[PDB]
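Here are the chains, one letter per residue:
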Amino acid sequence: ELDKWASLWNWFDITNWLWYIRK
Amino acid sequence: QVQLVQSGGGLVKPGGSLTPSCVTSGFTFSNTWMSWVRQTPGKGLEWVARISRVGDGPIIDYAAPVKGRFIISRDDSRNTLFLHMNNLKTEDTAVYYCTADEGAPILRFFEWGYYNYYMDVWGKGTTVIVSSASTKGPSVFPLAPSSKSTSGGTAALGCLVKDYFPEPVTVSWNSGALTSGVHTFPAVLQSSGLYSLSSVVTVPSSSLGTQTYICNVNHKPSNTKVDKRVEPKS
Amino acid sequence: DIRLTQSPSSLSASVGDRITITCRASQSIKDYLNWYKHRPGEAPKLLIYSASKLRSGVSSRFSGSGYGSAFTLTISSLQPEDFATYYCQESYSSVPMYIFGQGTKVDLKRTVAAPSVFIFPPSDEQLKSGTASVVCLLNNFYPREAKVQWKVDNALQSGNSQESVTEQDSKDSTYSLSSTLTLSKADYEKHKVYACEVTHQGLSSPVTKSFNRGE
């Protein structure tokens, strides 16, 4: 846990971004 | 190495509660959606519940048969997935698997946003038995050979091991000296909440007046041992 | 409210065979379909996701095909570890339900063998306790599918029997099955003829074993 600002990205982020794009 | 380490579950009275758990290693638990799937006796696989990352809500969904009685939760700092089971019913008796889930995004444009959800890694399962029974040793009854249990030169005989709790029982024949032709069937959990099983063996019908046949039954949870001689009955 | 129908329910295979099993959905689910394997004593495992995508680590002998309602799982060259039950699973519903099919059990092929059928009356010892168990044994048969019907004074029994079946035998590749009819002593004592009737692929007509209580 070096970076205080490090978070996670997964398949669900992808799908929400693609939905957000299509709309 | 990816591992989904599951609790031992156990035995609970109807109306009671239990919390099977699943502790994971080998992957980033906090980035992973998780599900529970169960297998009831006789029936097939049945999805129970899923939970997303804590940061997604969490999003939680339940199967209709458990909605309002089961609660799925997670503790990321320990890599632990829980299934809090309340108001348990005999219908909930099953093997419960934890699973690490993934979604396959649809890349066809008009389906952008939809995904195919699947169970990507599975634990070995935890058994949950819901029964009103207390520890109880079996009765052993003979399955006696006769004409209606004779196949010309072969006779069938056995022992019915009835009304015990919990599993397991061990059955041997002639103190382990008789193994050929034995079939000991899986136990069935009866509506009473007690188990029953049969053990049978086939032998030359001519040997019925020469050899003794004894089924040796041991139910260690109740410290019950029985040796039952099984003789022909016409 | 989507339904999945797998066929066959049981598949006789040999080591080295090309195997095909099918999943029919009640409606078009595009490619929202996945395949799993489950061997007794092992965790279930994903084989195919999105109809045809092979899971990393799974052998190239597995392949999935189909789009819409007719899906297929193929094993190109069956290995011993492939004797297992295989399930399809859909993820197409708006409210997640994730229905699995009933499964296809792939077992080791041998020649058809009809069951040897035996019937056992209850013991006098049991009767003294208020219960009567009647047992019907179907011994060393193949394939696995078998039906047992209980008849008491020619009345078909429903809801008061239970069946248990062995795993396929490592030596002769057969199955055995027990069916137990449970009756209260009161009910047992006011009927005479107890019969179990067995049907199986190896039987051109049903086999009935019976006894008469008191004889």
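Residues numbered from 1 in each chain as written, not as in the entry; some residues may be left out. Chains lettered and ligands numbered in written order. Heavy atoms only, no water. Residues with missing side-chain atoms left out of burial classes, pairs and counts.

Its PDB header names X-ray crystallography as the technique used to obtain the model and reports a resolution of 2.000 Å.

Per the PDB entry, chain C goes by DH511.12P Fab Light Chain and derives from Homo sapiens.

In the nomenclature of the PDB entry, chain B is known as DH511.12P Fab Heavy Chain of Homo sapiens.

Visitor: Lay out the sheet that holds strand β8 (residues 80-85) of chain B in plain terms, naming residues and giving numbers.
Guide: Residue and element names in this part refer to chain B. Spatially, β1-β3-β8-β7 is the arrangement adopted by the 4 strands of the open sheet, whose pairing is antiparallel. In the strand order of this sheet, the two ends are held by β1 (3-6) and β7 (70-75), each with one partner. Neighbour-to-neighbour, the strand axes of the sheet open up by a mean angle of 20 degrees, direction not taken into account. Across 4 bridges, the pairing between β1 and strand β3 (residues 21-25) is antiparallel. The residue of β3 that forms the bridge with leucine 4 is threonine 24. (Pairing = 2+ DSSP bridges. Helix = DSSP H or I, 4+ residues; strand = E, 2+ residues; numbered from the N terminus. Axes fitted to C-alpha atoms, helices over the stretch in contact; angles between N-to-C directions.)

Visitor: Which residues make up the interface of chain C and chain B, and what values go with them?
Guide: Chain C puts 47 residues into the contact, and the matching count from chain B is 47 residues. Counting residues per element, the ones that place at least two in the side of chain C that touches chain B are β4 (33-38), β5 (45-49), β9 (85-90), β11 (116-120), α1 (124-127), β12 (131-141), β15 (161-165) and β16 (175-184) of chain C. Among the elements that line the side of chain C that touches chain B, the one with the most residues is β12(C), at 6 residues. (Contact = heavy atoms within 4.5 Å.)

Visitor: An account of the domain arrangement of chain C is needed here, citing residue identities and associated values.
Guide: Residues and elements named next belong to chain C. Domain assignment breaks chain C into domain 1 (1-109) and domain 2 (110-213). The distance between the C-alpha centroids of domain 1 and domain 2 comes to 33 Å. Each partner contributes to the interface: domain 1 provides 5 residues, whereas domain 2 provides 6 residues. Taken together, the links from domain 1 to domain 2 amount to 0 salt bridges. Taken together, the residues of the side of domain 1 that touches domain 2 sort by class into 1 nonpolar, 1 polar and 3 charged. (Domains from an automatic or database assignment. Salt bridge = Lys/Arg side-chain N within 4 Å of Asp/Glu carboxyl O. Nonpolar A, V, L, I, M, F, W, Y, C, P; charged D, E, K, R; others polar.)

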